[PDB]
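What follows is a single chain, given as structure tokens, in the form deposited in one PDB entry.
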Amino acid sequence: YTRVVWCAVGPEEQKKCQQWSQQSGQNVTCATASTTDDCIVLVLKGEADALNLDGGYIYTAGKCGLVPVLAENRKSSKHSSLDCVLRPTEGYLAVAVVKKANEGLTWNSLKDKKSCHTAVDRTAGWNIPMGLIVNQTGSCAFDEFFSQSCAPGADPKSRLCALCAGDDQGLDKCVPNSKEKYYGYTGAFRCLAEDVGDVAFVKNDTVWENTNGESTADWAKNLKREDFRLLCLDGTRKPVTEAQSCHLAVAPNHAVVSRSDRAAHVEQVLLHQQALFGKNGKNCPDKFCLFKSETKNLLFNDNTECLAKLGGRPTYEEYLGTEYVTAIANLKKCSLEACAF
């Protein structure tokens, strides 16, 4: 009865999920959809139990009644006493990244430039940067700010998708799943690396994890951190080592969400699954590692140490934080208290 149906977004996550299922002895099975929004709908219908989501999607899911269950917790340095599962999350740093060689480009000269976003509706790749831009320009025409962009999830024929590349066949251009070459943290950063875009809206960790040999992938294996710069809100440019004083915002960690009535069961199963396939899991790396997918961040971000319990049994609003929730609310007024489905 404690069989948990995970929802994989796209064929690559589906593949990983199938392996997880096999190894879990069917304690976890898989449902697959083409987009995160579609997965959310599968959960709402009760045809899937849960999935890990970025804060922007948590907002969508929460408005529809879904709740936070456990949050991704990466490596920390503070509070090192507590066990990962009980350690409070620290959130991640949303940043705007450019090539150092692209001299003179600052936060204040982004207009008409080319941009790379993780996907529409995501925290670092969309909600934070576009919310800030809309705000500063006093215009809801965020589709006319950048000359061209790759913002997975937007209209494929629009300029917001002009830079997306689709899959190895050139198909699925701009789809919001790993099939799109420039999808997600890694895809958006690659979009910048290959100079397809002038700026990439990702998180701090993405830059470090795909530079100086941290990634063996063909497009990243030869990337050096010193060739990149972060754009601070005061118009200055800083080395990627100064993210703490040069970010667009602190984002709430991605987290697992499920229907309220399945929360308890999903939590129980996951806590047990990571004991087996997590960071120091009994069967990882020997049999299967839930938090690995060769930098592709499938199902979970690859830098996840463990899924941690949430203190205070927070509502989706409490988990995201009132400020972030309000920021999203305001941005969405551009394109009010009900489920978008």
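Rigid core (definition): largest C-alpha set, two forms, superposition within 1.5 Å. We number the residues from 1 along the sequence you see.
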(request) Kindly name the stretch, out of 64-72 and 287-295, whose CA atoms are displaced more from this form in 8 other deposited structures of this protein after the core superposition? (result) 287-295
(request) May I ask which stretch, 108-116 or 76-84, sits farther from the shown form in 8 other deposited structures of this protein once every structure is superposed on the core, judging by RMS CA distance? (result) 76-84
(request) Indicate whether the chain is continuous between residue 335 and residue 336 or, if not, how many deposited residues are absent from the coordinates: none, 1 to 3, 4 to 9, or 10 or more. (result) 4 to 9
(request) Return whichever of 296-304 and 271-279 has the greater mean Cα B factor according to the PDB record. (result) 271-279
(request) On mean C-alpha B-factor from the PDB entry, just flag whether 322-330 or 8-16 is the higher one. (result) 322-330
(request) Using the temperature factors in the entry, find which of 206, 258, 127, 216 has the highest value at its Cα atom. (result) 216
(request) Tell me which of 117, 181, 221, 247 tops the list for C-alpha B factor in the record. (result) 221
(message) What third of the chain does residue 253 rank in for C-alpha temperature factor, lowest, middle or highest?
(response) lowest
(request) For residue 34, return the chain-relative third of its C-alpha B-factor as stated in the PDB record: lowest, middle or highest. (result) lowest
(message) Per the entry's values, where does residue 145 land by CA temperature factor relative to the rest of its chain, in the lowest, middle or highest third?
(response) highest
(message) Please say which third, lowest, middle or highest, residue 82 falls into when its CA temperature factor is compared across its chain.
(response) highest
(message) Going by the CA temperature factor in the PDB record, which third of the chain does residue 288 belong to: lowest, middle or highest?
(response) highest
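Another form exists, solved in complex with a partner chain; not displayed. Remarks below refer to it.
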(request) Have a look at 34-42, 290-298, 306-314, 276-284 and name the one stretch with heavy atoms inside 4.5 Å of the partner chain in the bound PDB entry. (result) 34-42
